[PDB]
**Student:** 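Handing you this structure, nothing more for now.
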Amino acid sequence: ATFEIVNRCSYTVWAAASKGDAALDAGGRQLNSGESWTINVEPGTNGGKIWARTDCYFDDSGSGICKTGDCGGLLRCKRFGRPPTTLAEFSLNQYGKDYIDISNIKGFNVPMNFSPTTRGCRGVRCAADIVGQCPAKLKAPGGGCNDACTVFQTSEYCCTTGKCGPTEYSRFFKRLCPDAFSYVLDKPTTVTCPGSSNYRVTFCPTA
């Protein structure tokens, strides 16, 4: 499957793509404002994610740091990134269909749109100014808006036992972005797409 990753933000981002225990394609790349990077994701990838990283430095070997979304200091991510990270999430070719969503369960850093480029389903978007409106207690000094699990580490926010409800913090994310997951047991906003669809992830879609 092809994923065209497009940075419409006015600032550089370092895109990242991983399924948690391995990179997808090269795993990451710099995207200046306006640039597009198309990756190939293997059919059947389950639990893949794409995100943006901000305020990064990398040396000639590809090792460094990012203020949001850092994946063990690598340009080419092999693992998931450090919150806060807006997440484009996907599982492909699961019994004939693909499944996509956007999630704020690990916080928000950069607005995004995640849409098919082929026929048969809708896209999803979380493009409100979550960082600007973030509750004071969730603001990440390094940048972005943390989720409550990251900040407070309680069973209620982290849904540790598989039982939890919405919270004042989850409702903030859900108010700003109804079409993204706001906590683990949120009413699902996952879209079913034809199996083997192709996609575009756009950072800062309204920019």
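All values below come from the heavy atoms of this structure, side chains included, with hydrogens, waters and symmetry mates left out. This chain uses plain numbering: 1 for the first residue, then up along the sequence.
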**Student:** Any side-chain heavy atom of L87 within less than 4.5 Å of one from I102?
**Tutor:**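 Sidechains of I102 and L87: no contact.
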
**Student:** Counting only heavy atoms not in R200, do more than 12 fall under 6.0 Å of its CZ?
**Tutor:**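 It does: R200 CZ has more than 12 such atoms within range.
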
**Student:** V191, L92: one ILVMFWY side-chain cluster at the under-4.5 Å cut-off?
**Tutor:**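 Yes, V191 connects to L92 through the hydrophobic network.
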
**Student:** For residues 36-46, which side-chain N or O atoms pair as donor and acceptor with protein atoms under 3.5 Å away, sequence neighbours left out?
**Tutor:**
| from | atom 1 | to | atom 2 | distance (Å) |
| --- | --- | --- | --- | --- |
| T45 | OG1 | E42 | O | 2.7 |
| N46 | OD1 | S91 | OG | 2.8 |

**Student:** So which heavy atom on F58 is nearest to which on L75, and how close?
**Tutor:**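 Result for this residue pair: CE2-N, 3.3 Å.
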
**Student:** How many angstroms lie between atom CG of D55 and atom NZ of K67, to the nearest 0.5 angstrom?
**Tutor:**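 Nearest 0.5 Å value for the CG-NZ distance: 5.0 Å.
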
**Student:** Taking all heavy atoms of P178 and all of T189, pick out the closest pair and write down the distance.
**Tutor:**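 In this case the closest contact between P178 and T189 is O-CG2, 3.7 Å.
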
**Student:** With a 4.5 Å heavy-atom cut-off, do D101 and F181 have their side chains touching?
**Tutor:**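 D101 vs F181: side chains touch.
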
**Student:** Do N113 and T202 pair up side chain to side chain, a donor and an acceptor below 3.5 Å, judged on atom types alone?
**Tutor:**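 Judged by distance alone, the side chains do not pair up.
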
**Student:** Is the closest side-chain heavy-atom distance between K19 and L24 below 4.5 Å?
**Tutor:**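 SC-SC contact between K19 and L24 confirmed.
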
**Student:** Any side-chain heavy atom of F203 within less than 4.5 Å of one from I5?
**Tutor:**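 Side-chain contact under 4.5 Å: yes.
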
**Student:** Show me the pairs that pass disulfide (SG to SG under 2.5 Å) and involve residues 9-59, at least two apart or across chains.
**Tutor:**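 Qualifying pairs: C9-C204, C56-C66.
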
**Student:** Of all the heavy-atom pairs spanning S197 and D98, show the shortest one and how long it is.
**Tutor:**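 What the structure gives for the nearest pair is N-OD2, 3.1 Å.
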
**Student:** Just by distance, do the side chain of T117 and the backbone of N198 share a donor-acceptor pair under 3.5 Å?
**Tutor:**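 Checked: pair present.
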
**Student:** Check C149 against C159 for me: are their SG atoms closer than 2.5 Å?
**Tutor:**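 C159 does not pair with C149 as a disulfide (SG atoms not under 2.5 Å apart), so no.
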
**Student:** Between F172 and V151, is there shared hydrophobic-cluster membership here, with clusters defined by ILVMFWY side-chain heavy atoms closer than 4.5 Å?
**Tutor:**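 Looking at the clustering, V151 is in the same group as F172.
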
**Student:** Quick one, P84 and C145 - any side-chain contact, counting heavy atoms below 4.5 Å?
**Tutor:**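 A side-chain contact is absent here, since even the closest heavy-atom pair is not under 4.5 Å.
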
**Student:** May I ask you to check if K49 and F90 form a cation-pi contact, with NZ or CZ under 6.0 angstrom from the six-membered ring centre and within 45° of the axis?
**Tutor:**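 Relative to the ring axis of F90, which defines the angle, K49 lies outside at least one limit.
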
**Student:** So that I can confirm a possible disulfide, could you see if the SG-SG distance for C164 and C158 falls below 2.5 Å?
**Tutor:**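 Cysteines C164 and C158 do not qualify as a disulfide pair, their SG atoms being 2.5 Å or more apart.
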
**Student:** Pair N32, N7 - check side chain to side chain contact (heavy atoms under 4.5 Å, CB included), show working.
**Tutor:** CA-CA 7 Å; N32 294 328; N7 182 18; 5.8 Å; no

**Student:** Main chain of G195, side chain of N93: is a donor-acceptor contact present, judged purely on distance under 3.5 Å?
**Tutor:**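 Side chain of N93 to backbone of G195: no pair is present.
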
**Student:** What are the two closest heavy atoms between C126 and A180, and how far apart are they?
**Tutor:**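 In terms of heavy atoms, the two residues are closest at CB-CB, 4.4 Å.
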
**Student:** Hey, does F173 have a side-chain heavy atom less than 4.5 Å from the side chain of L138?
**Tutor:**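 When only atoms from C-beta onward are counted, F173 and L138 do touch, with a gap below 4.5 Å.
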
**Student:** Any idea which heavy atoms bring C77 and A23 closest together, and the distance?
**Tutor:**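 Looking at all heavy atoms of both residues, the shortest contact is O-CB, 3.0 Å.
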
**Student:** When rounded to the nearest 0.5 angstrom, what distance separates CD1 in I65 from CG in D59?
**Tutor:**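 Going from the CD1 atom of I65 to the CG atom of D59 covers 12.5 Å.
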
**Student:** Taking NZ, NE, NH1 and NH2 as the nitrogens, is one of them in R53 or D70 under 4.0 Å from a carboxylate oxygen of the other?
**Tutor:**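 Result for this pair is no, no salt bridge flagged.
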
**Student:** If you draw a 6.0 Å radius around CD in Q153, do more than 12 non-hydrogen atoms from other residues or ligands fall strictly inside?
**Tutor:**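 Yes, because the 6.0 Å sphere around CD of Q153 holds more than 12 heavy atoms from other groups.
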
**Student:** Testing the basics here: between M112 and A88, what is the closest heavy-atom pair and its distance to 0.1 Å?
**Tutor:**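 What the structure gives for the nearest pair is SD-N, 3.6 Å.
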
**Student:** Please report the interatomic distance CD1(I100) to CD1(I50), rounded to the nearest 0.5 Å.
**Tutor:**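 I100 atom CD1 to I50 atom CD1 measures 10.5 Å (nearest 0.5 Å).
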
**Student:** Can a donor-acceptor pair be found, under 3.5 Å and without considering hydrogens, that links the side chain of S18 to the backbone of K78?
**Tutor:**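 Such a contact is found between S18 side chain and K78 backbone.
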
**Student:** Please verify the inter-ring angle class for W51 with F80; under 30° counts as parallel, over 60° as perpendicular, anything in between as tilted.
**Tutor:**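 Correct class here is perpendicular.
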
**Student:** At what distance, to the nearest 0.5 angstrom, does CD of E35 lie from CZ of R8?
**Tutor:**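 Interatomic distance, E35 CD to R8 CZ, rounded to 0.5 Å: 14.5 Å.
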
**Student:** Roughly how far, to the nearest 0.5 Å, is SG of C134 from NZ of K139?
**Tutor:**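 SG of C134 is found 6.5 Å from NZ of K139.
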
**Student:** The test is side chain to side chain contact (heavy atoms under 4.5 Å, CB included); show your working for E4 and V201 and say whether it passes.
**Tutor:** CA-CA 6 Å; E4 185 182 3; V201 177; over 6 Å; no

**Student:** Can you measure from CG (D147) to OG1 (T167) and round to the nearest 0.5 angstrom?
**Tutor:**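 Result: 10.0 Å between the selected atoms.
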
**Student:** Could you list the residues that satisfy ring-ring contact (aromatic ring centres under 6.0 Å, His included) with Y199, not counting sequence neighbours?
**Tutor:**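 ring-ring contact (aromatic ring centres under 6.0 Å, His included) list for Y199, sorted by chain: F3, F114.
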
**Student:** Transitively linked via ILVMFWY side-chain contacts under 4.5 Å: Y57 with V13?
**Tutor:**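 In one cluster: no.
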
**Student:** Indicate, with yes or no, if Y157 and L185 share a hydrophobic cluster defined by side-chain heavy-atom contacts under 4.5 Å among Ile, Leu, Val, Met, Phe, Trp and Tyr.
**Tutor:**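 In one cluster: no.
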
**Student:** Could you check whether any side-chain heavy atom of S182 comes within less than 4.5 Å of a side-chain heavy atom of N104, counting everything from C-beta outward?
**Tutor:**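 No, every pair of side-chain atoms sits at 4.5 Å or beyond.
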
**Student:** Apply side chain to side chain contact (heavy atoms under 4.5 Å, CB included) to the pair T12 and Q30, showing each step before the final yes or no.
**Tutor:** CA-CA 7 Å; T12 302; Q30 184 173 328; 3.7 Å; yes

**Student:** Aromatic ring centroids of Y183 and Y169 under 6.0 Å?
**Tutor:**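 Aromatic pair excluded; centres sit 6.0 Å or further apart.
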
**Student:** As a quick check of understanding, evaluate side chain to side chain contact (heavy atoms under 4.5 Å, CB included) for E89 and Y99, giving each step before the final call.
**Tutor:** CA-CA 8 Å; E89 306 184 310; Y99 296 89; over 6 Å; no

**Student:** Within the structure provided, determine whether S115 and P205 are in side-chain contact (heavy-atom separation under 4.5 Å).
**Tutor:**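 Side-chain contact under 4.5 Å: no.
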
**Student:** Quick one: do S33 and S10 satisfy side chain to side chain donor-acceptor pair (under 3.5 Å)? Show the steps, please.
**Tutor:** CA-CA 5 Å; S33 173; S10 59; over 6 Å; no

